2 protein chains.
Amino acid sequence: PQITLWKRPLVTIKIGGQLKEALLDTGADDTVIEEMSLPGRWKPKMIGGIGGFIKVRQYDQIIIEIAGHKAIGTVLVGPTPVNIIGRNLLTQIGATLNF
Amino acid sequence: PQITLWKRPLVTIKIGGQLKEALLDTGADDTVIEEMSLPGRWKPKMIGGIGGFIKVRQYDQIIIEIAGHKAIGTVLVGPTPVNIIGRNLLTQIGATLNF
Ligand SMILES: COc1ccc(S(=O)(=O)N(CC(C)C)C[C@@H](O)[C@H](Cc2ccccc2)NC(=O)O[C@H]2CC[C@@H]3C[C@H]4CO[C@@H](C)[C@@]42O3)cc1
Ligand SMILES: [Cl-]
Ligand SMILES: [Cl-]
């Protein structure tokens with residue numbers, strides 16, 4: 001699809017058996033999802049943005065369906081106000097910015 | 001151009017006669033620039049990101065060249081870690097997300 005930016009680029013994602021809405025975010029290096037339960041080992045990480053830093057749990061090798069496209073990568077879980085699909089997964093679905 | 005996302009989508013901007021580097025950020029509603037002096041009166045705004053809220057100064061009808069494309073619009077100035085080009089200006093240069 002071609003997504004215009006008059007509105008937030010929100011899509012439906014499937015992760016950990018749950019459906020969620022998430023923002024396609026070219027400004028995010030990594031993918032950050034609100035507090036949920038995921039299987040496997042995790043390690044703690046601090047990530048920073050506007051306002052400062054939050055502590056997240058880093059899960060590796062997570063499968064996520066983004067607008068019907070399967071992709072795998074690291075997912076950070078923590079108290080983010082919005083679910084964010086970052087560049088580490090946008091590349092896997094072949095997303096580009098065009099102008 | 002067509003910009004893939006294996007690297008941060010950084011571009012050169014020209015604002016107030018200075019060259020700066022900025023991130024093309026589909027996850028940002030508005031454009032946020034580091035501390036500088038800009039012309040005119042400003043209004044207050046409170047914006048929230050991943051790590052809380054910051055106070056910024058809102059300047060309207062500012063001329064900004066983004067990767068050679070002229071835009072004229074609202075710029076927020078404050079303690080952001082990186083210069084961010086948000087959707088308010090991405091729409092002016094015709095940017096879309098494609099996959
Ligand atoms: C290592 O991995 C990562 C991954 C993600 C982040 S990040 O999340 O800190 N960040 C990074 C950039 C700010 C440099 C990604 C960036 O796209 C971020 C995502 C977002 C959107 C909503 C809520 C929370 C986060 N946008 C945003 O802060 O926008 C703000 C600021 C501009 C206007 C004013 C606000 C109104 O509400 C939001 C939409 C805002 O739009 C950092 C590190
Ligand atoms: Cl990854
Ligand atoms: Cl590619």
Side-chain angles (χ1 to χ4, degrees), chain A residues 1-11 13 21-34 45-56 65-71 73 76-99, chain B residues 1-11 13 21-34 45-56 65-71 73 76-99:
Chain A
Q2 172 168 110
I3 304 193
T4 56
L5 297 171
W6 303 111
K7 282 203 195 19
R8 293 189 183 196
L10 287 168
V11 294
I13 71 153
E21 281 177 29
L23 185 66
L24 301 180
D25 191 346
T26 60
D29 297 334
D30 288 288
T31 291
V32 191
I33 303 293
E34 63 204 343
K45 183 159 172 133
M46 284 303 264
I47 64 171
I50 279 191
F53 285 72
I54 64 169
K55 183 190 217 243
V56 296
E65 208 165 288
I66 307 160
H69 303 72
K70 231 195 310 212
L76 308 179
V77 179
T80 174
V82 174
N83 298 319
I84 296 149
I85 299 307
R87 291 188 298 101
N88 74 306
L89 293 177
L90 294 168
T91 55
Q92 300 298 288
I93 70 164
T96 59
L97 255 181
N98 305 53
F99 64 88
Chain B
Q2 171 165 279
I3 292 162
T4 61
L5 296 170
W6 306 97
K7 267 94 145 163
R8 296 207 182 170
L10 292 168
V11 297
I13 64 167
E21 167 176 278
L23 190 61
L24 301 176
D25 187 356
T26 58
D29 294 343
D30 301 308
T31 293
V32 187
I33 299 296
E34 58 191 353
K45 204 182 163 83
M46 256 270 291
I47 60 166
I50 227 174
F53 288 80
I54 67 174
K55 211 279 289 173
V56 298
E65 174 186 306
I66 300 153
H69 297 65
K70 211 206 199 193
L76 309 177
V77 177
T80 175
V82 295
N83 298 319
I84 286 146
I85 303 308
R87 288 188 298 102
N88 74 304
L89 299 183
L90 292 172
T91 55
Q92 290 196 21
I93 65 173
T96 58
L97 202 53
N98 299 263
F99 59 92

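Values below: all heavy atoms of this structure, side chains included; hydrogens, waters and symmetry mates excluded. Every chain is numbered from 1 and lettered A, B, ... according to where its sequence line falls, protein lines coming before strand lines.
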Check: Given side chains that start at C-beta, do those of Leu97(B) and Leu90(A) come closer than 4.5 Å, heavy atoms only?
Finding: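 No, every pair of side-chain atoms sits at 4.5 Å or beyond.
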Next item on the list: Please round to the nearest 0.5 Å and tell me the distance separating atom CG of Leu5(B) and atom CG of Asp25(A).
Entry: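 Result: 10.5 Å between the selected atoms.
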Next item on the list: Starting at OG1 of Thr4(A), measure out to CZ of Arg87(B) and round the result to the nearest 0.5 Å.
Entry: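 So the gap between those two atoms works out to 9.5 Å.
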Checklist line | For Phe99(B), side-chain contact (heavy atoms from CB on, under 4.5 Å) partners two or more places apart | finding: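 side-chain contact (heavy atoms from CB on, under 4.5 Å) list for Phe99(B), sorted by chain: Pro1(A), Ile3(A), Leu24(A), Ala67(A), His69(A), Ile93(A), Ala95(A).
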Check: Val82(A): what forms a side-chain contact (heavy atoms from CB on, under 4.5 Å) with it, not counting sequence neighbours?
Finding: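 With neighbours one apart ignored, the set is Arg8(A), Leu23(A).
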Next item on the list: Answer yes or no: are there more than 12 heavy-atom neighbours, outside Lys70(A) itself, under 6.0 Å from its atom NZ?
Entry: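 Open.
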Checklist line | Most chain A-contacting option - heavy-atom pairs closer than 4.5 Å, from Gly94(B), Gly86(B), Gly51(B), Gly48(B) | finding: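 Top count of heavy-atom pairs under 4.5 Å with chain A: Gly51(B).
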Notebook entry, point to check: Picking from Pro9(B), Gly78(B), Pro79(B), which has the most non-hydrogen pairs under 4.5 angstrom with chain A?
Noted result: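 Among the listed options, the one with the most contacts to chain A is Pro9(B).
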Next item on the list: With a 4.5 Å cut-off on heavy-atom pairs, point out which of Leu10(A), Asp29(A), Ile47(A) contacts chain B the most.
Entry: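 That would be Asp29(A).
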Notebook entry, point to check: Checking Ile84(A) against chain B: side chain, backbone, both or neither under 4.5 Å from a heavy atom?
Noted result: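 Looking at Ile84(A), just its side chain touches chain B.
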Notebook entry, point to check: So, does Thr26(A) use its side chain to make a donor-acceptor pair with the main chain of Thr26(B) at under 3.5 Å?
Noted result: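 Yes.
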Margin query: Ignoring hydrogens, what is the shortest heavy-atom contact between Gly49(A) and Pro81(B)? Give both atom names and the distance.
Written below: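 Looking at all heavy atoms of both residues, the closest pair is O-CG, 4.1 Å.
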